[PDB]
Every structure is written in structure tokens, then in C-alpha cells.
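Asks:
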Amino acid sequence: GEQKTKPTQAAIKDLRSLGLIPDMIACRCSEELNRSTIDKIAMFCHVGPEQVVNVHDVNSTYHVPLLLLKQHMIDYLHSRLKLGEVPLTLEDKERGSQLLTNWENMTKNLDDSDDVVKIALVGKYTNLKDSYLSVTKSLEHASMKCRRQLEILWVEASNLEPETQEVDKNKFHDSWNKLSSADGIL
Amino acid sequence: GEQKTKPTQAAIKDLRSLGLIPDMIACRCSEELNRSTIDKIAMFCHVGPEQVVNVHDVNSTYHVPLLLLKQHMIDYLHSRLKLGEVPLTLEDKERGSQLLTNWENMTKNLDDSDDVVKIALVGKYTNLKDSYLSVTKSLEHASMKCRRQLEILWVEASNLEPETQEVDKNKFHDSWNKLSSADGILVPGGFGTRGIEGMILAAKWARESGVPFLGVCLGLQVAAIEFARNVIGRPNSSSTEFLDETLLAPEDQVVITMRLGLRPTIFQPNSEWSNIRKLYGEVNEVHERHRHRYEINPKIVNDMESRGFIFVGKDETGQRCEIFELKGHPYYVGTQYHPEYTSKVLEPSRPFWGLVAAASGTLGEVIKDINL
Amino acid sequence: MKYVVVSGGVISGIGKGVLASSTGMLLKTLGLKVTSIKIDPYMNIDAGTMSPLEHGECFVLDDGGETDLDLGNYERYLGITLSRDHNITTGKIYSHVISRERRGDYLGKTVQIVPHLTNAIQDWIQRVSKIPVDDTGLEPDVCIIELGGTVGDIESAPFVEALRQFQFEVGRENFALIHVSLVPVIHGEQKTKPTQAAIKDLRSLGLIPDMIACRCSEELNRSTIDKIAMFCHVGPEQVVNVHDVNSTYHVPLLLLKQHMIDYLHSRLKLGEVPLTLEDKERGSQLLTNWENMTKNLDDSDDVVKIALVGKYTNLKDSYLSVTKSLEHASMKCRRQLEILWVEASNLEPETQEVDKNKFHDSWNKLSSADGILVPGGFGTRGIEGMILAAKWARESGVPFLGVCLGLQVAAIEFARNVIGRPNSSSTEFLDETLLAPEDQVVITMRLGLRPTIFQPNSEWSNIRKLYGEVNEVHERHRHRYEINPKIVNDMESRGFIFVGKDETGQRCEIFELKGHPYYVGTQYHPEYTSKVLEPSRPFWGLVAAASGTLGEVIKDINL
Ligand SMILES: Nc1ncnc2c1ncn2[C@@H]1O[C@H](COP(=O)(O)OP(=O)(O)OP(=O)(O)O)[C@@H](O)[C@H]1O
Ligand SMILES: O=c1ccn([C@@H]2O[C@H](COP(=O)(O)OP(=O)(O)OP(=O)(O)O)[C@@H](O)[C@H]2O)c(=O)[nH]1
Ligand SMILES: O=c1ccn([C@@H]2O[C@H](COP(=O)(O)OP(=O)(O)OP(=O)(O)O)[C@@H](O)[C@H]2O)c(=O)[nH]1
Ligand SMILES: O=c1ccn([C@@H]2O[C@H](COP(=O)(O)OP(=O)(O)OP(=O)(O)O)[C@@H](O)[C@H]2O)c(=O)[nH]1
Ligand SMILES: [Mg+2]
Ligand SMILES: [Mg+2]
Ligand SMILES: [Mg+2]
Ligand SMILES: [Mg+2]
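Those protein sequence lines, which keep their order, are chains E, B and C. Residues in the first sequence are numbered from 188 upward in steps of one, following PDB author numbering. Taken in order, the second sequence gives residues 188 to 443, 456 to 571; the numbers are from PDB author numbering. Taken in order, the third sequence gives residues 1 to 443, 456 to 571; the numbers are from PDB author numbering.
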């Protein structure tokens, strides 16, 4: 029940040793950071409290931009990088908030959607879900435009073969249990 | 939270009105009877407390004999009916407690068993579970002899048909969810041809996939219709009871006026290889009960046998096809008789014991025990 | 006069009092004046001798009638006041004809159960159904008769025979019969043969039912309704489906959904009773008030927990009026009531020697309580436990109400623990032992409605404030003892002010203790005067004290 700062302190020493200073610390944690933990990181690193961003574990990565927007990270970087002094038109400044409102739309439509759709992804090595990362994101984008919650059913194609029922009956039936359950197949 | 006696009191008044007195009251209840409720029933009816038996709701009916044995009902009836004055030998009195200890064995083996086996029963009207009562009891007796807990998965065969996915997707997927989950399949011997195109899928699935199968009555016929359409390759071949006047050439069913009651079935000679002849103790004849009007067509038999679908048993005249086994599959058996009706609590029907054993593994250890 | 008889069934305790009360409440929403009679086939003259272990609590009337628990259900649902004559019993009616015979009023004929006793029953029902029961001196428009027990019992035989004759001595379309019946559900099938055998008993006894009310653990299937409507010669619209519901305040709105007013209006010609438009506004004004309190029952969420500290708390019917009075208070506060049922004997330390599970569950509940009620029990055996519960509430600031015995155990607590006479006691528990500090003394039951008058230095008190600061309180009594007047100025010197008394001043009836948020005691029973849309003020004050918002309630009362 205690959030530990000494691993992040030893990482700031490696940056100083290597001759770099960080402008943000992004802290990854299984909880929201306590404000006493933020104060401590802001004592050891020579940065204000407004320069530690709390990047906790969230169920969806489409939410992470709206976490950092809530945490003033644009507002900091705009003053740290003089981004208001880059030439832009009002056309460029409508396109920016038009992308922002489209992001807030798809993230709202992610949270209040309820009706499920199940897709069987039929392949090998379906335990390493990163082996299908672009497939997975592409099923998610389709799901978000349909406004239905995606469940990928991960189906190992070799387990669908009848010989698996001689090797291990648990793997044979769970594969065909999933493939029968599927509203669509990839 | 109060157990009410006035319905049972009004029922004792009807017996008195009609001039009968009851010797036992058996009280059926959602709870154990309270002893104050028993006392009250024993006040209104002129009977002692020892004459109201408490017959509460229990999960298993194999336990109900041991409930009434705990409640002195033999001991009462032995003094009410002078049953000790019926002549019996000591041989008769060993056989009685030998049945009792066999009942206590199978009920103990019901309670301490844990490992499950799942059987799909594929049929129509599977919501009225009493429409399959003898099938159900025969799967239970097989399960009890294997010492594995039976789950029947009740599968409506019409819901297996793809058109159900246009009608209601929930019913389509729950049916195939169950059929994929099954360790064995029974096509139970139904009534009225309306579900056959669904059962043809269930028979195809079992043959293509190596899953243990039993086909009873209609379960010969849908399996032979499947094997004809999918392994001989005559894709329209059919049950004459479904199409009659349509006059297709590859008739799988033909009529040979119900063939009813106990008949002899005799094994064709080249058949001791089969699991089904092995399960029957390799005895030359099988005597079993019939309730069918059709047969498999004998003109299609040597066509099917050329492809490995051997008609392992027949009527003494040889015109009538009654048992098959398909070569090479772990257990793909069909009977035109109903093996349910010959099932006993302490001696399961051999085709059902063979299916539940095939579904569990240990089919070989069962065949070994049968062969002694 | 119209008559609805609610009757019989497969079992006793089926729901006739709930359907009788709902029918009367519903008919009142047409502007009709409704009365009620309970028939009990038991032989007791009245409930005042018989203990709460059978038929629940004895109910007390303004008359001082100690009567059937069902008369309390009619008083609270209908907004009516009943006499001891509104409860018919076998004892009263056999006693009436026997007393009339020995005097010679049958003029030397042989007095037979038919006609003479069955005529006494019909003379009584007509005498009594014309009695005024409202705030206005109008005779009623409808009488509900609840026929107790089951039809086909020997004790019911004279009452069903009188009702068979009453169906003709009064016209048709002035009489209807509702029969309540059980549909068992067994292996997922709803069984009709018990209700069919009950319709045969009514035919055998010469009655036909106009409604069948079917009580079931499920909604009735429409095939089950069709079957009941085949065997009984009635349409589908005449079987009402009265399934098991979590709340009985919903049962009127079930029967309104099922056209039962609309049927009875055409079966009893109720549109031909003379009524004004004033009567027809008052009817739907009660209906909308019922829909309000039932909506406020369903969308309320915040809980309040009240400890009811007593004996025999497993027979929850022994406290039926207390329970309903806590519910009415809860509904007016818009907070979900949980009663914590606390056996007072289990609070005593010796229980921790007898069974530690019972000791800790009692104190677990009493510590959990947002308020405490000592309910006005019977027989002194639990008092040393209730003295702990009263001590706990006073030492800790927890809201308290003491009813009857709850004055007395609180004054006994305050004497032993704040005056400091540690043996001071209830004379009913010790009598011949003759201790000097007697807290209870006898001043032969003080029974029924009496006036209570507030002592002058008392407008500071929450209890005078809750009563609208009206000079008199009129409430129902059922007590034999008083607090000793010699100990009153001793207690008042210590802040335990006897805020209200009898007009003679000898008799102590309301207190409030100075400074505590709510520590009130009444020697009357405030339960019996509680109405569904107007909770009894001492209970509304306890549930408000337990919830906070006691001040906002007192403000709303003061308008
Ligand atoms: N529709 C109903 N749903 C749920 N509970 C009900 C319903 N009707 C009645 N009850 C409950 O049934 C119990 C007994 O009902 P009721 O008091 O009306 O019985 P009765 O048959 O009139 O006879 P008795 O006076 O002997 O109890 C009570 O707890 C009551 O709240
Ligand atoms: O077992 C111990 C732990 C700590 N200490 C002494 O107390 C100090 C407490 O420091 P820790 O190393 O316990 O924590 P921290 O303040 O650096 O921050 P987190 O890792 O919790 O984020 C240490 O720096 C050391 O001086 C001990 O003497 N013994
Ligand atoms: O509402 C009621 C219920 C009951 N009674 C009177 O009390 C008696 C209680 O009898 P019940 O009919 O309440 O029960 P019981 O003892 O017959 O048994 P169970 O159905 O509970 O098993 C009845 O026979 C009747 O005389 C009433 O007067 N009114
Ligand atoms: O075991 C049985 C049950 C029923 N029957 C016969 O079938 C009929 C079925 O009637 P039941 O008595 O089974 O039901 P029901 O239609 O009267 O209605 P519920 O109780 O279910 O509400 C009975 O009236 C009898 O003629 C039997 O022959 N044997
Ligand atoms: Mg530290
Ligand atoms: Mg009873
Ligand atoms: Mg009642
Ligand atoms: Mg029936």
C-alpha cells in the first residue's frame, strides 16, 4: 500500500550522469499518484509539481490523450517549446480542435456503448496478442464506428483440427466453443 | 415461513367421504416437515406420528428409497400387512439385502462422484424433458456405472439449421455452443420428420470430428441419410416419410403396420470387430423393443458397406437393417430399436453405456469388464 | 348498503386482509364511504385475554375494545374508526342469542341455528354496517366483510349459511363475493386442482364467487387463467392475479391495473350511488396520494436503521402496528426502513455465559442503530435488558422512543443511573418484595382513547412541537400502572420533565429529557392512531431524529 520513489530517483541520476535533464517526468503506476508522492518526485528531480504527470494503468489507450490534456501537458509544452510562436493560420487552428472534438466523440462513444460484437481471430500464437497488433487496432476502429463493444475471441487454428481431441480435449472444445460463439470470423 | 396443514386435512375428508382410510400419509413439501406439523397431521387424521412420512424435495430420486427406509416405512408395512407371514427362503432373504446394498452402493457413488461428462441430446421439444424420460434415465444409468456426473445438454435440432440465424441469432449460437461443448451426442429416436435437416448437421459434425455418437430409431436414419449425402455423394437422398409423393431415386428410408414390441436382431458374420457387438457381450442375438414403420433400403446397403458403413445387425430374414457401426471412428453406432426401454438402474442399456464410456474415455476398460 | 365478502381459500393466512383493505381503499377512490366488518370463527369474546403468540398483537380501539389484528389493517388503509361491534366472533353471536333466550325474547319457540342464529348474524351485519366510521355523520355506502378461517370448516358453517341467506335477504347487485385462492407452482407448472376443489366447497355451501383472487409465487400464465375461467363459470377478466410482492402498498395498484374497480362498478351498480363532484375529487386525491407514496417507496435509496428492542421478535406479527407505524414515518421521511429486531434478554450479560453468538448479535444490532424503539411489550421478563438499551441511548445521544413499558424502563433507568437509587423498580415484577423506591405504582386497565394535557413549562420539548403545539393529545391506552408522583419532582429536579399528564395531574403520560436530541416516552400506544398518509407523531419524530432533518420536519408540521 505504499508508492515507492527510489526507482524513479535512480533513473534521474542516470540521465544526469549521461548529461540530460527531463522537462516532464511521466510516472507509470498501478494507482493514481498520491500528491505526497508527486511532491517527493518534484523534490529529488529539479522540476515543479506541474511537471510530474500521473499516467496510471487505464483499460483503454484512447483515453490517455484526454488524461494528459486534463494534466496541462499541452499548456506546459506550449510555454517550454514556445509553440505559440510557430506561424499558423485560423484554418490550422479550426482543424486542431476539430480533431480534438472527434477524439472526445469516439472516447464518449467508447464509454456509453454497451451492445457487444464477438469476432473470432483464427491464427497461430494467439497468446502473444502483440503478434496481431494492427489487426487488433483495425477491429477496434471498426467496432468504434459501429458503436458496439468488441470482444476478440482468440482461436488457435491448430486446436480446431480433430487430432487435438486425441492430444488434449480441453483445447479442442474451447476452440470450437469460441468459433461457434463468433458473430464474425477473421 | 409457515407449513400449512389445511390442504392435507381437506384431502383426508375426501377419502372419508369416499369411504377409504389411509394407512400412511406421505407429505410432499419444499422443506423437512416440522415435528409440530407432523403432530397436527397426526391429530386430524386418526394415525400415529410414525405414519406421516416426510417426503421433501430432493435433487435425485435414487435417494427417495433410502429416505423412506430411514423413516421406518418397511417396518410399519411389515406389521400393517403381516409381511413376515409370507413364505420365503433364506435364498430370497439374501437376494433382498443384496439389492439393498447395490442401491446404497449406486447412491454413494452418485454423491462422491465429481468428474463431469456432457452429452448432447439432439431432438425436438427439448423443453418438455418428460418427452425423453426413458432416454434420460438410460443416460443416467450409464453415467452411474461410469462414476461420472451426467450433464445432458438439451439441443433443439431445428435451431442447429442456418436459417435460425436469420430468425433469432441467440437460439442459433446457443445450440452450436452446446453441440461443440458435448463429449458425446445422442440422436434420441424422436417423432415427426420436421427436425431432420438439423439432425443431419449433428450427425455430420460427429462423423467429421470424431465425437462419440449414438443414433436411435430416427438416429439410424438421419445418420445413413448423412452418410449417403456426404460420403457416397448423392446430395438429395432422403427420408421417404418427409417427401413421399416427390419420388426421388436415392430413397434411404423405405417402408417394409408398425413393427412393434420385442423382436430378435442377429449380428451379420463379419462384425466382431465392432464396438457395438463387443458391448453386447458378443452374444449372437440381440432382443430389443421396436416401434418403427420404415427401414433402410437394402439396395443402398452394399453401396454403404463398400464405403465402411457396415450394417452389423439385421432381422433373421436379412431384409431389415437394425444395427450399424462405421469403420475407424471411435464410436459411431446406430440402432433401429429403442435401447431405452430395456435399461435397468443396476444394469444400463449397452448402447448408452458404450456412448457414455466413449465420451469419458475408458470404453476399453468397460468392454474388458463386460467380457468377463 | 353494498357488501363485498372476502372469503376462504385453500389455506389460512392467504391474503384476505390485504385484499379486503386494498378493495376498500380502491373503492374509496370513487368517493364512496367504505366500512368493514371482520368475522372471526374463533370463540373468544374479544382478543384482550389471548397472548400475542397466536394471531399477532391485540389491537386497541377508541372504545377500549381489545380486538382482532385485522381491524387495525382496515383503520390504517381506509382512514376509519371502528367499535368493538365491528368484530363479529362466534362467542359474541352465540352469547347474544343465549342472553336473549334466557330473557324470553323468542316468545317460547325453539331457537335453532337456522333460522335464529343465522338471523342474528344478518341483524348484526345490518345494525353495524350503518354505523358512522368517518369524520362525517354519514352512514357508509359499502361494507367489506372479511370472512375469517377457511370455507368448509365446522366453525365457518353458521357464517357461510348466514351469508348464503344474506345474498337474498339483501338484493343481488348489493352483494359480491371475492374468493382468495392458492395456485401452487411445482416443477415449473402452476397447479389448478386446489382452486377447483375450493370452488366445489362454495357451490356445496350455496355461494358463487364474483372474483377469484389467485395467490401465487409467479405471475399467472394466461393458460392457467383460462383454465380457472373454464372450471369456475366466470370470464378471464374475473380472475385477478395477486402474486407475491415485496411491499403491500403496491397491492392496490396491482388490482387497479387488473380492472377490479371497473368490474365491481358494473357488478355492484356503484355509479348509481348518489355522490357529489366534491366526493369525486376526494377519491382521486386519495389515489394520487397513494401513487405518490408508492413512487417515493420505489425511488428512495438512503437507509435508516431502527432497533426495535423487545421479546419474541421472531414473531414479527406481535409488533404489526409498531412496524406499520415505523414504515409510515420512513415513507414521510423518504428513507428506506430497516428494522433491526433486538431481543432485550439477549442484551443481558448472562447471555454471554449461555450463548455468545446471541449476545454479540444483539449488541452488534443495537450499536448499528440510528434510532431505538422500546415498543410497549407484555410481561416483565425482559426489563433488565431494556434498561441497558435505555442506558445506552441516554449515555450516547442516540434517538429514542419509549412506548407504555418504554416510559417505565426509561424512568427506572433514569432513577437507577441519574438520581442514583440503584434498586428502584417496576412493581409488576417484584410486588410483595416492598422496596422503598417504587418507580411503577398502580393507580382496572386504563383503556381506550383518553385526553393527555401538556404541563405548562413544555413548549421547549420536541414532543410538544411534533404534536403541532396543540394543548391536548388524544391517544389510546392499555396500561395498569403509572409512574409514582412522589418521584416526579425528584426526576424533574434532574431534567427528566413529565411534559404531559392526565387532566387530574396524578398520572404521568409524556416525558422529554432536557438536552438530549430525542429521548421521548409515551404511556399511550401511538401505533394504533397511525395512518398510511399521516404517520403517528412520536414515530415520525424518532425516524426524523434518526435521519437528521428533525428540524425540517418540525418546520413542515408547524405550518
Ligand atoms: N399479495 C401478497 N403478497 C405478499 N404477501 C402478502 C400478500 N397478501 C398477503 N400477504 C402477507 O400474507 C400474510 C398473511 O396475510 P393476511 O394477514 O391477509 O392473512 P389472512 O388469510 O387474512 O389470515 P390471518 O389473519 O390468519 O393472517 C401477511 O404477512 C401479509 O403481509
Ligand atoms: O530499512 C530501512 C529503510 C530506510 N532507512 C532510512 O530511512 C530513509 C527512508 O527512505 P526509503 O529509502 O525508505 O524511502 P524514500 O524516502 O527514499 O522513498 P520511497 O522509496 O519510499 O519512495 C532511507 O533513506 C534511510 O536513510 C533505514 O535506515 N532503514
Ligand atoms: O384469518 C383468520 C385465520 C384463522 N382464524 C381462526 O383460527 C384458526 C386457525 O387455523 P388456520 O386455518 O389459520 O390454521 P390451522 O390450525 O387449520 O392449520 P394450517 O392451515 O396453518 O396448517 C381457524 O381455524 C379459525 O378458527 C380466524 O378466525 N381468522
Ligand atoms: O398421474 C396421472 C395424472 C393425470 N391423469 C389424468 O390426466 C388428467 C390431467 O389432470 P391433472 O389432474 O394432471 O391436472 P389438471 O388438468 O386438473 O390441472 P392442474 O392440477 O395441473 O392445474 C387427470 O384429470 C386424469 O384424468 C392420469 O391419468 N394420471
Ligand atoms: Mg520513505
Ligand atoms: Mg394455524
Ligand atoms: Mg385477516
Ligand atoms: Mg394438467
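Heads up, the beta-carbon is just placed ideally off N, CA and C, and yes, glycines get one too.
Would you mind sorting C/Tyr536 into buried or exposed? The rule is 16 or more other CB atoms within 10 Å of its CB.
Replies: Under this definition C/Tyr536 is a buried residue.
Asks: Does the beta carbon of C/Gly72 fall short of 8 Å from some heavy atom of ligand 7?
Replies: No.
Asks: Can you pull every residue whose C-beta falls closer than 6 Å to some heavy atom of ligand 1, listed in chain order?
Replies: Ordered along the chain, the selected set is C/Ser12, C/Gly13, C/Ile14, C/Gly15, C/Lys16, C/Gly17, C/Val18, C/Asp70, C/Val242, C/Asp244, C/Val245, C/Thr248, C/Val251.
Asks: With a threshold of 8 Å (Cβ to nearest heavy atom), would E/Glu348 be considered close to ligand 2?
Replies: Incorrect: E/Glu348 has no Cβ contact closer than 8 Å to ligand 2.
Asks: Helix, strand or coil for C/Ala213 per DSSP?
Replies: In the structure shown, C/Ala213 sits in a strand (DSSP, three-state: E or B).
Asks: Following a CB-centred definition, is E/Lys200 positioned closer than 8 Å to any heavy atom of ligand 2?
Replies: E/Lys200: no, Cβ never under 8 Å from ligand 2.
Asks: Would you give the residue range spanned by the beta strand (DSSP E) that C/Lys2 belongs to?
Replies: Per DSSP, C/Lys2 belongs to the beta strand (DSSP E) from 2 to 7.
Asks: Use the C-beta contact count for B/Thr433: other C-beta atoms within 10 angstroms, 16 or more gives buried, fewer gives exposed.
Replies: When all chains shown are included, B/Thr433 counts as exposed.
Asks: Name, in chain order, the residues that DSSP records as bridge partners for C/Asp62.
Replies: According to DSSP, which records beta bridges pairwise, C/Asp62 is partnered with nothing at all.
Asks: 9 Å is my cut-off, CB to CB: does C/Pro194 come that close to chain B?
Replies: True, the Cβ-Cβ gap to chain B drops below 9 Å.
Asks: Report the rounded CA-to-CA distance for C/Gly406 versus C/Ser325, giving the unit in angstroms.
Replies: For C/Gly406 and C/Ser325, the distance between alpha carbons rounds to 16 Å.
Asks: Check the Cβ-Cβ distances between B/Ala197 and every residue of chain C, and say whether any is below 9 Å.
Replies: For B/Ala197, the answer is yes, since a Cβ of chain C falls inside 9 Å of its Cβ.
Asks: Can you name the residues of chain B whose CB is closer than 9 Å to the CB of E/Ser300?
Replies: Within chain B, no residue comes near E/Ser300; the closest Cβ sits about 19 Å away, beyond 9 Å.
Asks: Can you give the beta carbon distance from C/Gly512 to C/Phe466, rounded, assuming they're within the 8 Å contact cut?
Replies: Contact flag correct, Cβ pair sits at about 5 Å.
Asks: Just to confirm the assignment, what range does the beta strand (DSSP E) spanning E/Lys305 have?
Replies: Where E/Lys305 is concerned, the enclosing beta strand (DSSP E) stretches over 303 to 310.
Asks: Could you list the residues in the segment 120 to 150 of chain C with a C-beta less than 8 Å from some C-beta on chain B, going in chain order?
Replies: If the cut-off is 8 Å between Cβ atoms, the segment 120 to 150 of chain C has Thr150 near chain B.
Asks: Would you say C/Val403 faces chain B, with C-beta separation under 9 Å as the test?
Replies: Answer no: the Cβ-Cβ gap between C/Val403 and chain B never drops below 9 Å.
Asks: In terms of residues, what are the limits of the alpha helix (DSSP H) holding C/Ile495?
Replies: Counting along the chain, C/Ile495 falls outside any alpha helix (DSSP H), though it belongs to the beta strand (DSSP E) covering 493 to 495.
Asks: Just to check, is the beta-carbon of E/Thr192 closer than 8 Å to a non-hydrogen atom of ligand 5?
Replies: Under cutoff, so the answer is yes.
Asks: Does DSSP classify residue 575 of chain B as helix, strand or coil?
Replies: Here chain B comprises residues numbered 188 to 571, so residue 575 of chain B is not present and cannot be evaluated.
Asks: Can you tell which of B/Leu478, B/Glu515, B/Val532 has its C-alpha closest to the C-alpha of B/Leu571?
Replies: Looking at the Cα atoms, B/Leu478 is the closest of the given residues.
Asks: What's the gap between the Cα of B/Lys280 and the Cα of B/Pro274?
Replies: Approximately 11 Å, taken between the alpha carbons.
Asks: Taking beta-carbon pairs under 8 Å, can you tell me which members of the segment 8 to 22 of chain C lie near chain B?
Replies: Residues passing the 8 Å Cβ filter: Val10, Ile11, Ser12, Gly13.
Asks: Just mark E/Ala197 as buried or exposed, buried being the case when its beta carbon has 16 or more other beta carbons within 10 Å.
Replies: With fewer than 16 other Cβ atoms within 10 Å, it is exposed.
Asks: With a threshold of 9 Å between beta carbons, is C/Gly152 in contact with chain B?
Replies: Judged by the 9 Å Cβ criterion, C/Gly152 is in contact with chain B.
Asks: Rounded to the nearest angstrom, how far is the Cβ of B/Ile412 from that of B/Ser425, given a contact under 8 Å?
Replies: About 6 Å separates the two Cβ atoms, so the contact holds.
Asks: Would you mind reading off the limits of the beta strand (DSSP E) that contains B/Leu525?
Replies: Where B/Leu525 is concerned, the enclosing beta strand (DSSP E) stretches over 520 to 525.
Asks: Run through the segment 224 to 265 of chain E for me and flag every whole beta strand (DSSP E) of 3 or more residues, listed as ranges in chain order.
Replies: Complete beta strand (DSSP E) runs here, min 3: 239 to 243.
Asks: Would a check of beta-carbon distances place C/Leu207 closer than 9 Å to chain B?
Replies: No, C/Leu207 lies away from the interface with chain B (no Cβ there is under 9 Å from its Cβ).
Asks: Verify the contact flag: C/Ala20, CB atom, against every heavy atom of ligand 7, threshold strictly below 8 Å.
Replies: C/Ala20 Cβ: within cutoff of ligand 7.
Asks: Does ligand 3 have a heavy atom nearer than 8 Å to the CB of B/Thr224?
Replies: Result yes, Cβ under 8 Å from ligand 3.
Asks: Specify the secondary structure class of B/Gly512 as computed by DSSP and reduced to three states.
Replies: Reduced to three states, the DSSP call for B/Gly512 is strand.
Asks: What residues in its chain sit with their C-beta under 7 Å from that of C/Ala436, if we drop five residues either side in the sequence?
Replies: Taken in chain order, the list of residues that qualify is empty.
Asks: Chain B beta carbons: is any one of them nearer than 9 Å to that of E/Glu353?
Replies: For E/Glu353, the answer is yes, since a Cβ of chain B falls inside 9 Å of its Cβ.
Asks: Please classify B/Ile261 as buried or exposed, where buried requires at least 16 neighbouring CB atoms within 10 angstroms.
Replies: The residue is exposed, with fewer than 16 neighbouring Cβ atoms inside 10 Å.
Asks: What does DSSP give as the partner residue(s) for B/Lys543 in the beta ladder?
Replies: Answer is B/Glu546, bridged to B/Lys543.
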